[PDB]
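[1] When you get a sec, could you give me coordinates for this:
(chains A, B, C, D, E, F, G, H and I)
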Amino acid sequence: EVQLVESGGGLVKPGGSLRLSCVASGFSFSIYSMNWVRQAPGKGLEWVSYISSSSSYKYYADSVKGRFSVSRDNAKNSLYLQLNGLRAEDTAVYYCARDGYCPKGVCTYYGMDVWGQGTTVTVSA
Amino acid sequence: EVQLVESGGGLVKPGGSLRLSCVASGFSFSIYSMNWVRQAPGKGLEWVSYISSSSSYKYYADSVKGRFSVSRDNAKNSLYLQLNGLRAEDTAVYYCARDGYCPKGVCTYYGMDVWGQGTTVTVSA
Amino acid sequence: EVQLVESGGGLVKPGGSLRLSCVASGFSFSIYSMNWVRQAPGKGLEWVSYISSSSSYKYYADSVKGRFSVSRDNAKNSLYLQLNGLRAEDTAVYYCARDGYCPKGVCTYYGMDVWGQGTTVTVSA
Amino acid sequence: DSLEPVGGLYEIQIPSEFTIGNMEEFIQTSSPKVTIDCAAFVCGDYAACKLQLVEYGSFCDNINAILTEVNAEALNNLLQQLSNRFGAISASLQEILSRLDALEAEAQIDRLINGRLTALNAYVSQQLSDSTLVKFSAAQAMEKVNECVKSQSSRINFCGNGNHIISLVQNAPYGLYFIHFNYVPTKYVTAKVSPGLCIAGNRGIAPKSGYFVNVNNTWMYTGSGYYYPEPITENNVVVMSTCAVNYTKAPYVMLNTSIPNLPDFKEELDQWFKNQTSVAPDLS
Amino acid sequence: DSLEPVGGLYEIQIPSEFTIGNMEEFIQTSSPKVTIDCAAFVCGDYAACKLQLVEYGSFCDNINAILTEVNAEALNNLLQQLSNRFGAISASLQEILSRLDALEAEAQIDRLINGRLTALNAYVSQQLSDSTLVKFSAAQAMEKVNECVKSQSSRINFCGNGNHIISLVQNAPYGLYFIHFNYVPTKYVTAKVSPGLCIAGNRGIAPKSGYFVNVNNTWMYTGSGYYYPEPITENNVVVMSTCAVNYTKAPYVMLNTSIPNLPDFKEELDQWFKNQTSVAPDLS
Amino acid sequence: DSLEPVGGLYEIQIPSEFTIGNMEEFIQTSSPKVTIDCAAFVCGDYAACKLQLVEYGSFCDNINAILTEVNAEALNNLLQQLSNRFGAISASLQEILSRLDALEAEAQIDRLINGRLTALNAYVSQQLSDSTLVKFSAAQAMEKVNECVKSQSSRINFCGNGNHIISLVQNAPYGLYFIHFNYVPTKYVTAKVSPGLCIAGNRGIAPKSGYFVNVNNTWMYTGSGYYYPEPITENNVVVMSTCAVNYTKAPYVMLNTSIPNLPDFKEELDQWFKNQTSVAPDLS
Amino acid sequence: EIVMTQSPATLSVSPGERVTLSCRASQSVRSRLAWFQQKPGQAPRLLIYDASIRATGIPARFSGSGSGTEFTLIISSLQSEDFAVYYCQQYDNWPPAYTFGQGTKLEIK
Amino acid sequence: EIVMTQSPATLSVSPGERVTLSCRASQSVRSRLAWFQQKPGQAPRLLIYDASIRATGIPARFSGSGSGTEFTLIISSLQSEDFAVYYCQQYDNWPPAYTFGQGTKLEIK
Amino acid sequence: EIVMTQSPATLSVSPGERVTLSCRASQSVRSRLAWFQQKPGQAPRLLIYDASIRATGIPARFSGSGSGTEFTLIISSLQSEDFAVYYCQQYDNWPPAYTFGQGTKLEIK
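    Residues are numbered from 1 along each chain as shown, chains lettered A, B, ... in the order given. Here you go, the structure:
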């Protein structure tokens, strides 16, 4: 049905790079805003990045500002997250979530109703 | 006093062309919006076209869209209607009326208070 | 403390020119609108000119339009008034005052609370 | 008894029969969070418009924070030089012509961008006008909680229709759901009413929480909420110092938005308009 | 006589005589249909402005739907060629120079078009803010129909001034015309009122639909609507558990519109500003 | 007895003890005078932006009035001429290239100017919506002066909480400061209430300014403002024609702003887009 | 397309009789409804606009009321000159798309 | 031009006496009214703005009231230092066009 | 930054018992709060948004209330499948800057 699937998770040496993909299916991905949320091992959820449907407005948590870059391809119904300069703190399970309806550039918010199953990013030596 | 006068009506073969004119007098024609309304023989009134005081916004009924063209010359205080591709259904008495006040591009509406005496378009073989 | 000091006053022959200055101190002059108000000998106060913090909008009393010009230099925290074509009626004590907080181009008005001690312009043959 | 009408004679309906009513009502008290994707609002997916809209600045962040309320050798040498000079001139004209076409395309994109930012600003002002109308509706729902749910209202036709009995409220998405119980009038008596009565022209009376009804050609008193005529006593009237009516008129107020008078376009443009005509040099 | 003031002592006015009043008021409930001729608003009759404003899109349709709420021989050969080359260069420069004048004139027209669209958007926002205030006024008229015309109000100073008797409503252009009949206090007694009284320092009372007035140095009860002091009984007071006042401060709310962030103009422009100094080639 | 509930059975709180309350609140009735600089707002102190914004017109005067609610010899001769023709060609190219650089810089300044006028219009729109909410708040303060200060209100939970005694009003900066004295409930009785009772299945009754409370398995009447159950008499009930509830539903109203129907950007642009590709002439 | 329906299309009335002409709109036109009178061989005359506002010079006997989808024109004391064809017209939304009712004929009786 | 009138221009008063200074405007200036005090040989001092808001440091005895075309400055307990000239000023609309009152002189008694 | 404080982090409850989970905000987030449920080894599931609106398909036993800085999630009749970790999230202002609560674990008894 309405689903998000993350990929691109695995082991990365500290300070390295990794790229996460979140291919959407079952809904109009091109008009939804999307989020990246990571869950550290045995900790609460942390919002990473927000990208708008038009890709023009991208926002990041300060803990990842500059090091992480979010992008989307509404033609491919895909959401990407480039994890550059990975540190120990970036070890988590990364979720993509659906945020804002934005049918014609005008956005309405009804919670992060749809989430992905996540992928694990393990950053250790 | 304040009146509208139609002209340019008469017999026209089907598929022909006519040019109705509605010269205004007694009011500030350059700021009023105008309408064309036709009355078929023994039938109700039908709104043909609307033209704004600046002539930039012209609107037509779907039954005449494409085949009829409305124009105005606020310098000559006259309103025109090009009756192109006249069919049998276009046989009627054609009226012009004021619609909107628009003193400085801001239009207020108080009904089609002023009407013309009409002119008769007869389209038959 | 918060003060306006006005200089450039003195004796001027009729039809001549004089230039008043009002250097501000103690407040953020670059975001305040300013006024010039003159008090004729034994008469009530008269508003001469208004200048905005951006200097883009300057306004004058009808009695001094054309002949008086107001200017400001927010880098020097100074307010100037050019008294061109001085007449007999322009003999007064000239004041400057603040007229609007305008912290970011948005002006709020709390009265002309700060005034200057004034300067005297005597125009006679 | 020489009782004369004071204020005229008016036919109005006084209830005579009631039934128990149940009115279920929604009052909106909030809105969903609304922001604008200004790039998607103006350009859609057109990438040439979104490239040019980046240079318009961060107005969306401002708008959205408002919405969310935060001599043979020489001749050959001359022919060699002329080939290079005309090569540099032709190259330069090409670079000029490419920048002229770019400037004209960008100007046409800016006009559709600017027109769609005027439609954007109209929507922002409309969304801010629904924002205040929801706030007005949120204050009306809190007045019904305070006066219909947390108490019993003595106001008729407020917690539904008729005379309030009991109200209940439930949370509904973006509002409150009210259930009103009241006894509403189902039948009325059309009675002849005078606002007051004069006695011998000296002292006037006014009905105390009721109506002066002329029945059987004699002036009687009835309660306003139920038609039960009864003799005029001192318990159901208020003594007026005089039976002359004090006529007043509240000031006439009509919201008529003033048109923002603008100067003549050409006259204002002519203060700075540079309609130069450029003439290329004559080159033999 | 050991009653003690609770809440302080306040001099307030209690009515002592009344007269019948007739207040006539208009309440607006609707507006004329308003649309904008954006071409006439921005340009007037200036045809250059309207021609350039056509390229701004159909924003007026969007605004109006918001307002309505829807070796020698070769030298001669070279001389012949140079005449054609300089002929094509001079012709090209003229086409370039004509397109540069067009671009500069269109740029200045765009600035005045854009400035008058900012004035247009301010007026659309003002029209939307007035239509919101009309909707607020249309609700106030319907509250007066329900509570002043379709019933009798116990609210004082609501259906005009004083105590409501009867109201009439008539249709008026863009609203409703109300005629109110009341008995209005024309003279008042300045009375010494305490919000409540403490009995023996242990039990407190509150006046039931009335006031506690100190008359002849003894505390008496009077109805709020008419000054008639009377002994304090159990039928005109409410027993308070304690005669201590429960003080409360409602939240302080002042509407202060927040100024936008809007970074420095030059710093933001410098992210994409291509300030180039093009240099013409040196041609021999 | 055979009295039967009409409308269902509900648990509601009926006051059983009260205390004297003092609520102090500020209600805003006005705002400071607000105008926009529109040049400090858009440009700040940047002089290039101010110079270019002067050409946008006097929209600020319009916005502020809205805010304030107002052979060998021949060859040598050819070389001399070529040095002049290339002198004039290279001179005009420089003049062209200077006007091309100026036009591109002004186009970028216009884009940021236009973007900050959109943010300006959003702020003027927000100021107009806040000044509408202040007018709504100014009307609420005048209602409290009329009904809490100029009279005593029978509305519970209007002049503060509980039952109104007396209100005072003082001027406060940009509003009015109310002091409300009332007796507010501090303890309630959770009573099983029916909106009405059916007698023998034939005639129903409604509680007159009170509640029908099932106390000790018999239906009794109590006043709504205080829990004092008493036998049901004909003085504290209203006779209903039938004991069937008349169910009605108020219309469902939710403010959902309609998104404007903007066309596709590329198609609307293509109605007039040029998309020219200019090629320089070939010069040998 | 908002369809305007007037029923009945015909009415037999006598002078001095109250007449109510009903108009219904397939969609809510709010208060953007006008009433027109068309005597034979003459142009339509605007009677009521905004569903209840009499046009200038229109006699007080012509009264309009209603909003939304139900509108009525009241001729309190019908006269001999009121025997004409009466239309209702809607001008609610934008763009202009104006639709009239098919008329109601007042026949003498 | 919004002409502003203060009457009477002169008032003989004694210390400890309440004195009211009346200001009127030829048009409604709403609440855009300010009160100024000008002791001899000194610049004007802003007392009241917005017709009722005391400026900072202004003693509580100076009170302003009114709106529209009628304004008043109240000096509840007049002191020996209040014998000055008092002006009212209006700043209602846009553009800035500021008009003062002719003054009111408090003379000792 | 707005910090979501969700206390107590642990709650031992039994099936059929009413459970209240408290969420607090370092500053008023108005009504922009959501409730999430995260069973072990699964993604978070949105329960409530706008602080009181149930998401589609969410059982009626999950109820949300509150505004400003005080929020609560009510599980009226706790079932065996409600023993999960519950978070609150705020999405109040612009730009997006989303902060969750540290969670609340429901342990079987």
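[2] From the contact counts, what lies against the longest strand along chain A?
    For chain A, the longest strand by residue count, based on DSSP state E, is strand A:17-25. Applying 3 or more Cβ pairs under 8 Å, 6 or more residues apart in numbering or on different chains; DSSP states H and E, we find strand A:17-25 packed against strand A:3-7, strand A:34-39, strand A:78-84, strand A:92-98, strand A:119-123. C-beta coordinates here come from the backbone N, C-alpha and C atoms, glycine included.
[3] In chain G, which residue sits closest to chain A?
    residue G:94 (18.5 Å; Cβ to the nearest Cβ).
[4] In chain G, which residue sits closest to chain H?
    Closest point on chain G to chain H, by Cβ to the nearest Cβ, is residue G:53, at 28.8 Å.
[5] in terms of contact, does that residue touch residue G:63 like I think?
    No: counting by Cβ atoms under 8 Å, residue G:53 sits too far from residue G:63 to count as a contact (10.4 Å).
[6] Any figure for the gap between the nearest residue to residue A:66 once chain neighbours are set aside and residue E:119?
    In this structure, residue A:66 finds its nearest non-sequential neighbour in residue A:60, 7.8 Å apart by Cβ to Cβ, 6 or more residues apart in numbering or on different chains. Distance, residue A:60 to residue E:119, using Cβ to Cβ, to the nearest Å: 38 Å.
[7] quick revisit: and the residue of chain G closest to chain H, how many neighbours?
    Residue G:53: 19 surrounding residues under other Cβ atoms under 10 Å in any protein chain shown.
[8] what about the closest residue to it other than its chain neighbours, how many neighbours?
    Residue nearest to residue G:53 in three dimensions, not counting chain neighbours: residue E:173, with 5.1 Å by Cβ to Cβ, 6+ apart. Using other Cβ under 10 Å, residue E:173 has 15 neighbouring residues.
[9] Check the gap between residue E:173 and chain C for me.
    Note on residue E:173: its distance to chain C, by Cβ to the nearest Cβ, to the nearest Å, is 37 Å.
[10] does that residue really touch residue G:56, like I thought?
    No: counting by Cβ under 8 Å, residue E:173 does not reach residue G:56; the two are 11.5 Å apart.
[11] re the thing from before, tell me who's in contact with the residue of chain G closest to chain A.
    E:35, E:61, E:64, E:65, E:67, E:68, E:70 (Cβ atoms under 8 Å, 6 or more residues apart in numbering or on different chains).
[12] Pull up the residues of chain A that are close to chain D.
    A:30-31, A:33, A:52-57, A:74, A:100, A:102, A:104-110 (Cβ under 8 Å from any Cβ of the partner chain).
[13] one step back: could you export the helices and strands packed on strand A:17-25 as JSON lines, including mean neighbour count?
    Below are those laid out as JSON lines (neighbours: other Cβ atoms under 10 Å in any protein chain shown):
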{"stretch": "strand A:3-7", "mean neighbour count": "17"}
{"stretch": "strand A:34-39", "mean neighbour count": "25"}
{"stretch": "strand A:78-84", "mean neighbour count": "20"}
{"stretch": "strand A:92-98", "mean neighbour count": "25"}
{"stretch": "strand A:119-123", "mean neighbour count": "18"}
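[14] Quick one, which of the ones you listed gets closest to chain F.
    Per Cβ to the nearest Cβ, nearest to chain F of the helices and strands packed on strand A:17-25: strand A:92-98, 19.4 Å.
[15] returning to that earlier point: tell me what the residue nearest to residue A:66 is bridged to.
    Beta bridges link residue A:60 to residue A:49, judged by DSSP bridges.
[16] Show the contacting residues for residue D:52.
    Counting by Cβ under 8 Å, 6+ apart, residue D:52 touches D:106, D:109, D:110, D:113, F:111.
[17] which SS class is it?
    helix (DSSP: H, G, I helix; E, B strand; the rest coil).
[18] any idea which residue sits dead centre in chain G?
    Of all residues in chain G, the one closest to the mean position by Cα atoms, centre = their mean is residue G:35, 3.5 Å from it.
[19] Would you agree that one is in contact with residue G:46?
    Yes: using Cβ under 8 Å, residue G:35 is in contact with residue G:46, at 7.4 Å.
[20] residues shared between the contacts of these two?
    Joint contacts of residue G:35 and residue G:46 (Cβ under 8 Å, 6+ apart) do not exist.
[21] next one: phi and psi at the residue sitting furthest away from the middle of chain G?
    In chain G, residue G:95 marks the outermost C-alpha relative to the chain mean, sitting 22.8 Å out by Cα atoms, centre = their mean. Backbone torsions for residue G:95, taken as degrees, to the nearest 10, come to phi -70, psi 170.
[22] Just give me the neighbour total for the nearest residue to it once chain neighbours are set aside.
    Of all residues not flanking residue G:95 in the chain, residue B:59 sits nearest, at 4.9 Å (Cβ to Cβ, 6+ apart). Neighbour count for residue B:59, taken as other Cβ under 10 Å: 20.
[23] quick one, what contacts the nearest residue to residue G:17 once chain neighbours are set aside?
    Excluding its sequence neighbours, the residue lying closest to residue G:17 (Cβ to Cβ, 6+ apart) is residue G:78, at 5.2 Å. With contacts defined as Cβ under 8 Å, 6+ apart, residue G:78 is in contact with G:13, G:14, G:15, G:16, G:17, G:18, G:19, G:61, G:106.
[24] out of residue A:60 and residue E:119, which sits in the busier spot?
    Comparing residue A:60 with residue E:119 by neighbour count (other Cβ under 10 Å), the higher total belongs to residue E:119, at 26 against 21.
[25] give the contact list for the more buried one.
    D:260, D:262, F:57, F:59, F:62, F:63.
[26] my read: the fifth one touches residue D:258, true?
    No: using Cβ under 8 Å, residue F:62 and residue D:258 do not qualify as a contacting pair, with a distance of 10.5 Å.
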